[PDB]
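Step one of this worksheet: look at the structure below.
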Amino acid sequence: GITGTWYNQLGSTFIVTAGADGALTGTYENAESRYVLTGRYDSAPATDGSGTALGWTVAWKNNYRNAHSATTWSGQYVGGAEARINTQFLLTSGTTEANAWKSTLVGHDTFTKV
Amino acid sequence: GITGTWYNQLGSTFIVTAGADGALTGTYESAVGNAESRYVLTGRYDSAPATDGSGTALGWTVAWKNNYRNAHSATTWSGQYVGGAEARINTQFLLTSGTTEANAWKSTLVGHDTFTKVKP
Amino acid sequence: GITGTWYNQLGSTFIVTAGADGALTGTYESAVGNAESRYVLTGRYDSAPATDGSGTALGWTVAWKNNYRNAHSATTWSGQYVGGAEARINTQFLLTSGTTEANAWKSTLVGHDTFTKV
Amino acid sequence: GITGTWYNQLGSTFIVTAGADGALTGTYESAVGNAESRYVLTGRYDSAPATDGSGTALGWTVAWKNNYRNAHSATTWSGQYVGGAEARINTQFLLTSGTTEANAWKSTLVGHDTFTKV
Ligand SMILES: O=C(O)CCCC[C@@H]1SC[C@@H]2NC(=O)N[C@@H]21
Ligand SMILES: O=C(O)CCCC[C@@H]1SC[C@@H]2NC(=O)N[C@@H]21
Ligand SMILES: O=C(O)CCCC[C@@H]1SC[C@@H]2NC(=O)N[C@@H]21
């Protein structure tokens, strides 16, 4: 039950649809704040109570702005009434070769159905 | 630039196409790990980079299941393309596996790959 | 306020002393992993932080060898202390194991721990 | 094998002493960033490694403050030492700065460094 609307604590929001083939498509977010998303998930997880692996990408360019960057989220989906997606991310900005060593940030996030 | 065939330091093969819309589609084949044959990838990239010599931000995802195997896991690559005499794509990765609640502390690997158009 | 006994979300115990000019010393007990009993740690912290409401940066290291067991591994924790009603330390970690050079692509785990005194 | 002078591709230098008790002590001097001069380092390493051809696990920390400048930030390195005719230390790092609560999601950078005896 990944298909739907998810929320984090800092006010961001995303709507996804999960395909039977393992595809993930949606938008991350006013129009000025919407971005395309795309990803993949394991459409045949284990039955031993492990979570379902997935990930997705967003570049921070739309018809109105371009921050010259992209983020990837990597983590897992856990069902139940407390259904959540736990992730860790990587955010990279384009840079001159001299400044590449400080081009990527790392962090974590949790999304809920409510 | 980005469209084409790439090889990393491990002998893996990354075949990709860059759309005019900022979309990334293709196929991935790994030399290491619980995998065999090709897998579907999808990603995004900045289709209008700055002009000051900076790199082009990009990223993509792979879920390790196909018609031969399933490893119950997925990897995301996050990086930048740099044009030049020697074109290359430098990245960092996060590899997450499906675990129980108890072992989630050891579910994610972190690493770094460098892709190049010549096979080393 | 860094000196003292802290605990994390998994059950691990971290006991620290902060020296007058940047030293960090103490022991760690992990509630999980191939571990058993106490281990030595050592680290550093910012001894003159900004006075505009930002946190205090620090880090520390542990190697998993003691008189009872050795996992041939090490962890590093990077983060910041925040003072207040609920003093907390927010970190991220890297845990590297020794491998052959062919398995090096899978040597290092990544995650995060939050410590409190409750 | 570890005690001595090491160099990275960026132009930075570090001098380290590896103790018989598993400690790492020394000095670091960067070439890139908000820093000038020497800074203190401290760490730990596996003092009874295996010989199946695995490497030796280690880690260390620097806080970016000395008698000349303060950068309100800290770095930890975690990785492994590899013997051989071309010895080296392969690592990944976490660099964290002091921030307020609102900029906490963008406080930590990640990267990798290779050190040789050159
Ligand atoms: O074993 C698995 O769980 C799936 C295979 C993972 C292969 C990884 S992805 C990061 C690194 N780069 C590669 O080309 N292969 C490995
Ligand atoms: O190599 C081992 O098995 C021992 C690792 C110790 C467990 C880890 S270290 C990061 C995380 N925080 C903890 O308190 N425990 C785990
Ligand atoms: O606070 C700063 O801006 C300076 C920190 C030092 C720069 C980094 S630490 C990781 C990497 N390795 C180096 O030798 N220099 C950079």
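Heavy-atom basis, side chains included; hydrogens, waters and symmetry copies ignored. So you know, we letter chains A, B, ... as the sequences are listed, proteins then strands, and number each from 1. Every number for a ligand or one of its atoms is a count from 1 in the order of the listing.
- Closest heavy-atom contact between D:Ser37 and D:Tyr68: OG-CD1, 4.0 Å.
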Pick out the protein N or O atoms lying less than 3.5 Å from any N or O of ligand 2, and list each pair with its distance.
residue  : atom   : partner  : partner atom : Å
ligand 2 : 1 (O)  : C:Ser73  : OG           : 3.1
ligand 2 : 3 (O)  : C:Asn34  : N            : 2.8
ligand 2 : 12 (N) : C:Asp113 : OD2          : 2.9
ligand 2 : 14 (O) : C:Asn8   : ND2          : 3.3
ligand 2 : 14 (O) : C:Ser12  : OG           : 2.7
ligand 2 : 14 (O) : C:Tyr28  : OH           : 2.7
ligand 2 : 15 (N) : C:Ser30  : OG           : 3.0

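- Between D:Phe14 and D:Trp60, the gap from one ring centroid to the other is short of 6.0 Å.
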Listed pairs under 3.5 Å, donor-acceptor, residues 107-120 of chain B side chains, sequence neighbours left out:
residue  : atom : partner  : partner atom : Å
B:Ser107 : OG   : B:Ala104 : O            : 2.8
B:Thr108 : OG1  : B:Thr96  : OG1          : 3.2
B:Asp113 : OD1  : B:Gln9   : NE2          : 3.0
B:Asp113 : OD2  : B:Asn8   : ND2          : 3.3
B:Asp113 : OD2  : B:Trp77  : NE1          : 3.1
B:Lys117 : NZ   : B:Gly1   : O            : 3.0
B:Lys117 : NZ   : B:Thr3   : O            : 3.3

**Message:** Quick one, A:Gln76 with B:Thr99, criterion side-chain hydrogen bond (donor to acceptor under 3.5 Å, both in side chains). Give me CA distance, side-chain angles, the key distance, then yes/no.
**Reply:** CA-CA 9 Å; A:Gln76 41 177 141; B:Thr99 70; 3.3 Å; yes
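- The two residues C:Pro49 and C:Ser47 have their closest heavy-atom pair at CD-C, 3.7 Å.
- Between A:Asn99 and A:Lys102, the side chains place no donor N or O within less than 3.5 Å of an acceptor N or O (distance only, hydrogens not considered).
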